[PDB]
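To start, the structure under review is shown below, and the notes come after it.
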Amino acid sequence: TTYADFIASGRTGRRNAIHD
Amino acid sequence: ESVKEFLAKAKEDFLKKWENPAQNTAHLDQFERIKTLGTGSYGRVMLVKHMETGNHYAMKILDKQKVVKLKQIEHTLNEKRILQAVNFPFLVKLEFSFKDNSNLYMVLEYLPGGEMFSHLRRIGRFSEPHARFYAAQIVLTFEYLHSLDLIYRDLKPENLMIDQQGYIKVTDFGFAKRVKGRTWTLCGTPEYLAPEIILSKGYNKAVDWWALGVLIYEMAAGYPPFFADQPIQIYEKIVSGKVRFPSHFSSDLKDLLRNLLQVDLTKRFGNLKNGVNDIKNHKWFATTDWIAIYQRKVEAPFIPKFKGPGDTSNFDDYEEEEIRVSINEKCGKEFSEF
Ligand SMILES: CCn1c(-c2nonc2N)nc2cnc(Br)cc21
C-alpha cells in the first residue's frame with residue numbers, strides 16, 4: 001500500500017529545509 | 001468591510017512597522033531557560049519563562065557565525081523584519097527580539113499544543129472536514145501575506161503550531177521574503193517544492209499555492225503526494241506532471257488538488273485573474289464560512305490536551321546544549337539592523 005511504502009521510507013520524521 | 005478594504009488597512013499597519021522596525025526590545029537575562037523545543041540548521045527553539053510577567057515564550061536562538069556559514073544572513077534579517085511587522089490571527093506573534101555577542105534571539109508566542117506534524121503522524125491522517133478547517137486558515141494567511149508582497153516558501157506541518165483553541169499558527173519565517181517581482185533562491189523543503197523552483201526558474205507567490213496543495217494532500221492522505229528515500233527521486237516525481245490520489249479522497253478534493261498541484265502556471269489556482277477567490281469559491285470549501293474562520297467562531301475538530309502553560313509533553317525531547325555568549329562581538333556589521 002502507499003501508506004506501507006511511506007512508513008518504511010526514510011522520510012517520515014521532521015523534514016529539513018534544503019541547503020546549497 | 002470588503003476584503004480589499006480590510007487588506008488596505010492591514011498594508012498601512014504593516015508598512016509603518018516594515019519601514020521602522022522594532023530593535024533590541026529585551027535581554028537574555030530577562031528569561032529563565034526551561035527546555036529545548038526544537039532544533040535545525042537555523043539553531044534552536046527553547047521554552048523560556050519571562051520573569052517579570054511569569055509568561056512562557058518560545059525563544060528562537062540563532063548562532064550568528066553559523067548563519068553566516070549557511071549564507072542565511074539576508075534570510076535571517078528578512079525573518080525578523082517581517083515577523084515584527086505582521087499582524088494576523090494565524091501568524092505566531094514575535095514578542096521581543098535582541099542579539100548579543102554570539103546569538104540572535106526572537107522571542108515568540110509559545111504554543112504548548114505542539115506541531116501539526118506530531119499530531120498528523122501519530123493520528124495517521126485527518127478526515128476531510130478536519131483538513132479543510134486547517135486549509136482555510138492557510139488560505140486566509142496566504143491572502144494576507146501575499147497582499148503585503150510577502151512570499152512564505154516553507155509551508156509544511158512541521159511549521160504549523162496548534163493553539164489552545166485548536167487553531168493553527170504559522171511560525172517559521174526563515175525563508176519569507178518581501179518581493180514584488182520574481183525571485184530565484186533555491187529554498188524550501190523537498191516534498192513541498194513547486195516544479196518551477198526545482199527547474200531553477202524565476203518564480204513568484206504561486207509556489208506557496210502549490211505548497212498548499214501538498215499540505216492539503218498530506219493532511220488528508222497521511223503521506224505527501226511526492227515522496228521517496230532521497231530528495232532527487234522526489235524532484236523527479238514533482239516535475240513528472242503526474243499525481244495519484246487515495247481512493248478515499250472525495251471528487252471535490254481531487255479537483256481542488258489537481259488545480260493547486262498544477263505544473264502549468266497559467267492554470268494553477270491562486271495564480272489566475274480571480275486570484276485567491278478561485279480557491280475560496282471551490283466546491284471543496286462550500287461549507288467554509290471564511291469570516292467565521294477568521295473570527296475564530298468555528299468549533300475546532302481537535303483541541304490539544306492542556307497540561308499547563310509550560311508543559312512540553314506535545315514536543316519531542318532534544319539534547320540540551322549550553323547557550324554560549326562570547327566575550328567578543330561576532331559578525332557585528334552583518335547583523336547591524338537586527
Ligand atoms: C519548535 C517549534 N517552533 C516554534 C514554537 N514551538 O512552540 N511555540 C512556538 N512558537 N516556533 C518556531 C519558530 N521557528 C521554528 Br524553525 C520552529 C518553531
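Note on naming: chains are A, B, ... as they come in the C-alpha cells, residues start from 1 per chain, ligands start from 1 in the order shown.
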For this session: Enumerate as an NGL selection string all residues of segment 78-183 of chain B assigned to helix (DSSP H, G or I) by DSSP on the backbone, naming them with the chain letters and numbers the document uses.
Result: :B and (78-83 or 116-123 or 128-147 or 157-159)
For this session: Determine, counting only C-alpha atoms, which protein, DNA and RNA residues have an atom within 9 Å of an atom of segment 312-324 of chain B; residues of the same chain fewer than 5 positions away are not included. Present the result as number ranges by chain.
Result: B: 35-39, 47, 61, 102-103, 112-115, 118-119, 304-305, 307
Selection to disk with N, CA, C and O atoms, as a JSON list (two decimals), in the first residue's frame:
```json
[["chain", "number", "residue", "atom", "x", "y", "z"],
["B", 35, "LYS", "N", 13.58, 24.39, 28.55],
["B", 35, "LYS", "CA", 13.79, 23.16, 27.79],
["B", 35, "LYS", "C", 13.87, 23.49, 26.31],
["B", 35, "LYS", "O", 13.26, 24.46, 25.87],
["B", 36, "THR", "N", 14.59, 22.67, 25.54],
["B", 36, "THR", "CA", 14.70, 22.83, 24.10],
["B", 36, "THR", "C", 13.45, 22.21, 23.47],
["B", 36, "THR", "O", 13.15, 21.04, 23.71],
["B", 37, "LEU", "N", 12.76, 22.99, 22.63],
["B", 37, "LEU", "CA", 11.54, 22.55, 21.95],
["B", 37, "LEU", "C", 11.78, 22.04, 20.54],
["B", 37, "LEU", "O", 10.94, 21.32, 20.00],
["B", 38, "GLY", "N", 12.85, 22.51, 19.91],
["B", 38, "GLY", "CA", 13.16, 22.09, 18.55],
["B", 38, "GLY", "C", 14.54, 22.54, 18.15],
["B", 38, "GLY", "O", 15.12, 23.43, 18.78],
["B", 39, "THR", "N", 15.09, 21.88, 17.13],
["B", 39, "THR", "CA", 16.41, 22.23, 16.60],
["B", 39, "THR", "C", 16.39, 22.07, 15.07],
["B", 39, "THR", "O", 15.52, 21.39, 14.52],
["B", 47, "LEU", "N", 11.98, 26.73, 25.23],
["B", 47, "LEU", "CA", 10.90, 27.20, 26.08],
["B", 47, "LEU", "C", 11.60, 28.01, 27.17],
["B", 47, "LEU", "O", 12.54, 27.52, 27.80],
["B", 61, "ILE", "N", 16.78, 30.83, 18.86],
["B", 61, "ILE", "CA", 18.17, 31.26, 19.04],
["B", 61, "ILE", "C", 18.97, 30.84, 17.82],
["B", 61, "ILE", "O", 19.07, 29.63, 17.53],
["B", 102, "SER", "N", 27.24, 36.73, 20.44],
["B", 102, "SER", "CA", 27.22, 35.50, 19.65],
["B", 102, "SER", "C", 25.94, 35.15, 18.90],
["B", 102, "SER", "O", 26.02, 34.56, 17.82],
["B", 103, "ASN", "N", 24.78, 35.46, 19.50],
["B", 103, "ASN", "CA", 23.49, 34.99, 19.02],
["B", 103, "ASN", "C", 22.50, 36.05, 18.66],
["B", 103, "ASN", "O", 22.62, 37.20, 19.11],
["B", 112, "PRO", "N", 1.83, 25.43, 23.51],
["B", 112, "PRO", "CA", 2.09, 24.10, 24.10],
["B", 112, "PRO", "C", 1.43, 22.92, 23.38],
["B", 112, "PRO", "O", 1.82, 21.78, 23.62],
["B", 113, "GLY", "N", 0.45, 23.21, 22.51],
["B", 113, "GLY", "CA", -0.25, 22.21, 21.70],
["B", 113, "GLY", "C", 0.68, 21.47, 20.75],
["B", 113, "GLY", "O", 0.38, 20.35, 20.33],
["B", 114, "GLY", "N", 1.83, 22.07, 20.44],
["B", 114, "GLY", "CA", 2.86, 21.45, 19.62],
["B", 114, "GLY", "C", 2.59, 21.57, 18.13],
["B", 114, "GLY", "O", 1.68, 22.29, 17.71],
["B", 115, "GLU", "N", 3.44, 20.91, 17.33],
["B", 115, "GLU", "CA", 3.36, 21.00, 15.87],
["B", 115, "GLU", "C", 2.27, 20.12, 15.30],
["B", 115, "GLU", "O", 2.11, 18.97, 15.74],
["B", 118, "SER", "N", 3.44, 16.44, 14.54],
["B", 118, "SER", "CA", 3.39, 15.40, 15.55],
["B", 118, "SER", "C", 2.02, 14.72, 15.60],
["B", 118, "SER", "O", 1.94, 13.48, 15.55],
["B", 119, "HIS", "N", 0.95, 15.53, 15.63],
["B", 119, "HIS", "CA", -0.42, 15.04, 15.69],
["B", 119, "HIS", "C", -0.80, 14.28, 14.42],
["B", 119, "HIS", "O", -1.40, 13.21, 14.50],
["B", 304, "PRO", "N", -5.69, 20.29, 21.53],
["B", 304, "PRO", "CA", -4.59, 19.57, 22.20],
["B", 304, "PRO", "C", -4.81, 19.51, 23.71],
["B", 304, "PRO", "O", -5.37, 20.44, 24.28],
["B", 305, "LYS", "N", -4.39, 18.40, 24.35],
["B", 305, "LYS", "CA", -4.50, 18.23, 25.80],
["B", 305, "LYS", "C", -3.72, 19.35, 26.51],
["B", 305, "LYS", "O", -2.54, 19.57, 26.20],
["B", 307, "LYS", "N", -1.97, 20.77, 29.68],
["B", 307, "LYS", "CA", -1.32, 20.26, 30.89],
["B", 307, "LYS", "C", -0.51, 21.36, 31.61],
["B", 307, "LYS", "O", 0.36, 21.06, 32.43]]
```
Exercise. If we count only C-alpha atoms, which residues of chain A reach to within 6 Å of chain B? Please list them as a list in words.
Worked result: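 In the required form, that comes to residues 9, 10, 17 and 18 of chain A.
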Exercise. Which residues come within 12 Å of residue 287 of chain B, counting only C-alpha atoms, excluding same-chain residues fewer than 2 positions away, as a ChimeraX atom specification?
Worked result: /B:128-129,132-133,136,280-285,289-293,298
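The set of residues in segment 83-131 of chain B assigned to strand (DSSP E) by DSSP, using only backbone atoms of this structure, is residues 94, 95, 96, 97, 98, 99, 103, 104, 105, 106, 107, 108 and 109 of chain B.
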Write the residues you've just listed into a file as a short mmCIF file (atom, residue, chain, number, x, y, z; two decimals), in the first residue's frame, and include N, CA and C atoms for each of them.
```cif
data_model
loop_
_atom_site.label_atom_id
_atom_site.label_comp_id
_atom_site.auth_asym_id
_atom_site.auth_seq_id
_atom_site.Cartn_x
_atom_site.Cartn_y
_atom_site.Cartn_z
N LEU B 94 5.68 37.72 17.31
CA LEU B 94 7.06 37.99 17.75
C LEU B 94 6.91 38.99 18.91
N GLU B 95 7.18 38.53 20.13
CA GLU B 95 7.03 39.35 21.34
C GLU B 95 8.22 40.28 21.59
N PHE B 96 9.45 39.77 21.40
CA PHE B 96 10.66 40.57 21.60
C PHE B 96 11.74 40.07 20.66
N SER B 97 12.75 40.89 20.40
CA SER B 97 13.94 40.42 19.68
C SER B 97 15.13 41.19 20.17
N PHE B 98 16.32 40.55 20.11
CA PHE B 98 17.57 41.18 20.53
C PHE B 98 18.70 40.29 20.09
N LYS B 99 19.92 40.76 20.29
CA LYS B 99 21.10 39.98 19.93
C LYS B 99 22.15 40.25 20.98
N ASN B 103 24.78 35.46 19.50
CA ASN B 103 23.49 34.99 19.02
C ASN B 103 22.50 36.05 18.66
N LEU B 104 21.46 35.63 17.91
CA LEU B 104 20.28 36.41 17.56
C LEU B 104 19.11 35.72 18.28
N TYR B 105 18.20 36.51 18.85
CA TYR B 105 17.09 35.95 19.60
C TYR B 105 15.76 36.51 19.10
N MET B 106 14.80 35.63 18.86
CA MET B 106 13.42 36.01 18.53
C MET B 106 12.53 35.30 19.52
N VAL B 107 11.90 36.08 20.39
CA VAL B 107 11.04 35.56 21.44
C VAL B 107 9.63 35.56 20.91
N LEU B 108 9.10 34.36 20.72
CA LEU B 108 7.79 34.14 20.11
C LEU B 108 6.78 33.64 21.12
N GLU B 109 5.50 33.81 20.77
CA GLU B 109 4.36 33.25 21.50
C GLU B 109 4.60 31.71 21.59
#
```
